[PDB]
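Colleague: Provided hereafter are the protein sequence and its experimental coordinates.
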Amino acid sequence: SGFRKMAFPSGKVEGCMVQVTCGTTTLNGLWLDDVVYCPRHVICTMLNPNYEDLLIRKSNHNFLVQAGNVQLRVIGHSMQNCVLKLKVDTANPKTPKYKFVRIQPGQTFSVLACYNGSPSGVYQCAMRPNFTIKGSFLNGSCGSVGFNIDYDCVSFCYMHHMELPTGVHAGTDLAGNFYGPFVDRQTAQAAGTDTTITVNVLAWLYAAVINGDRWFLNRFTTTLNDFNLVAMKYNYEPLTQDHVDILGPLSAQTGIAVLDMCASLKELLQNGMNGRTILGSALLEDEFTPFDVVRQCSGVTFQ
Ligand SMILES: *[C@H](O)[C@H](C[C@@H]1CCNC1=O)NC(=O)[C@H](CC(C)(C)C)NC(=O)C(C)(C)NC(=O)OCc1ccccc1
């Protein structure tokens, strides 16, 4: 019973994190086997810099890799796109199974904020339809990573870099390429007009039933052709036959069918909610995927 904005067990992530500095400049980094990884802009001190040049005047003693009461020894370095693959003499003892993934705009990851090489708390986030994210990131959180867990793998899939004038962040995949049209320098950058992740407002709605909220369900069915045409006007993102089939597994369990919940949302977008709350939100939350709800509304575990 119940439903929360949970987040994965950030446990395996804490044992890989290392602080990294190169002057009056210190961020966070991620230690895997014998490499440390971090946003290549720790080497700077930001308008139109040129790290390629900056980095050819850098060394291996210029990088003080910090492992708490352990100093790690950059025996080598290089650069992949916008990440700094620092090689250190020692092999990370707390390294689990892992994969560098990239995620389609709409999915979800959890984040471990990290300060001076130290976890500060974990949260769950989602890749917005503009290739940005909404999180708590302060002056100091760079090098913090996003991750997902299928039991005993950690799918490293984001690394904080920068914040956009509206309050939103934007980082790289763990291979040095952002999500979006951004450059890790101090130039004029408008994030972009964002829409709603409709495939996730209806899975959340299903989670609302699973736990006894039915004031939005009805008897109407509807077609896509009209859903997608009513989705667009309230900025929502049209629905695919691809995104319906996933919900199917969750559609069966609830005796409803995916396009029956669709028209219920249409009557929510047109009328509102008029002073109620669906699952503790007087909003609609587009930040829950179907594999998230299956995961809480059954409890698939990880060890
Ligand atoms: C990295 O340690 C640090 C993390 C961020 C602090 C708060 N939110 C974060 O995620 N970010 C930076 O130091 C970052 C470095 C560059 C290379 C991106 C400049 N700087 C920023 O994110 C900052 C907040 C200074 N803004 C920025 O990059 O400029 C964007 C901009 C757009 C238009 C006009 C002026 C500035």
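Modeller: Ah, there it is. Numbers count the residues shown, from 1 in each chain.
Colleague: what's the closest non-adjacent residue to the closest residue to the ligand within the stretch 201-303 of the chain?
Modeller: Nearest residue of the stretch 201-303 of the chain to the ligand (CB to the nearest ligand atom) works out as residue 287 at 18.8 Å. For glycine as for every other residue, the C-beta is placed from the backbone atoms N, C-alpha and C. Distance criterion CB to CB, 6 or more residues apart in numbering; nearest residue to residue 287, sequence neighbours excluded, is residue 126 at 4.5 Å.
Colleague: who does that neighbour form a beta bridge with?
Modeller: Applying DSSP bridges to residue 126 gives these bridge partners: residue 108.
Colleague: list the contacts for the residue of the stretch 201-303 of the chain closest to the ligand?
Modeller: Shown in contact with residue 287 (CB atoms under 8 Å, 6 or more residues apart in numbering): 5, 108, 124, 125, 126, 197, 200, 204.
Colleague: just confirm the last one is within a strand.
Modeller: No - Residue 204: not assigned to a strand; according to DSSP: H, G, I helix; E, B strand; the rest coil it is helix.
Colleague: isn't residue 169 right next to residue 160, touching?
Modeller: Yes - look at residue 169 against residue 160 with CB atoms under 8 Å: they come within range, at 5.9 Å.
Colleague: shared neighbours of these two, anything?
Modeller: Common contacts of residue 169 and residue 160 (CB under 8 Å, 6+ apart): 135, 137.
Colleague: give me every residue that touches the closest residue to residue 250 other than its chain neighbours.
Modeller: Residue nearest to residue 250 in three dimensions, not counting chain neighbours: residue 206, with 4.9 Å by CB to CB, 6+ apart. Neighbouring residues of residue 206 by CB under 8 Å, 6+ apart: 247, 250, 251, 254, 256, 261, 290, 293.
Colleague: quick one: which of those is most hemmed in?
Modeller: Highest neighbour count within the contacts of residue 206, by other CB atoms under 10 Å: residue 261, with 26 neighbours.
Colleague: which is the next helix or strand following the helix or strand containing residue 159?
Modeller: If you go by DSSP states H and E, residue 159 is part of strand 158-164. Using DSSP H and E, the helix or strand that follows strand 158-164 in sequence is strand 168-172.
Colleague: how big is the angle separating that following strand from strand 158-164?
Modeller: Per axes from the mean of the first three to the mean of the last three CA atoms, to 10 degrees, the angle that strand 168-172 makes with strand 158-164 is 140 degrees.
Colleague: from now on call the first residue 27
Modeller: Done: numbering now begins at 27, and the last item shifts to strand 194-198.
Colleague: does anything pack onto strand 194-198? Which helices or strands?
Modeller: In terms of contacts (3 or more CB pairs under 8 Å, 6 or more residues apart in numbering; DSSP states H and E), strand 194-198 is packed against strand 184-190.
Colleague: note down every partner strand of the strand it packs on and its orientation.
Modeller: strand 171-173 (antiparallel), strand 194-198 (antiparallel).
Colleague: how about the residues of the protein near the ligand?
Modeller: Applying CB under 6 Å from any ligand atom, one finds that the chain approaches the ligand through 53, 67, 72, 163-165, 167-168, 186-189, 191, 195, 210-212, 214-215.
Colleague: same thing but 8 Å
Modeller: Residues of the chain lying near the ligand by CB under 8 Å from any ligand atom: 53-54, 65, 67-68, 70, 72, 75, 163-169, 186-191, 195-197, 210-216.
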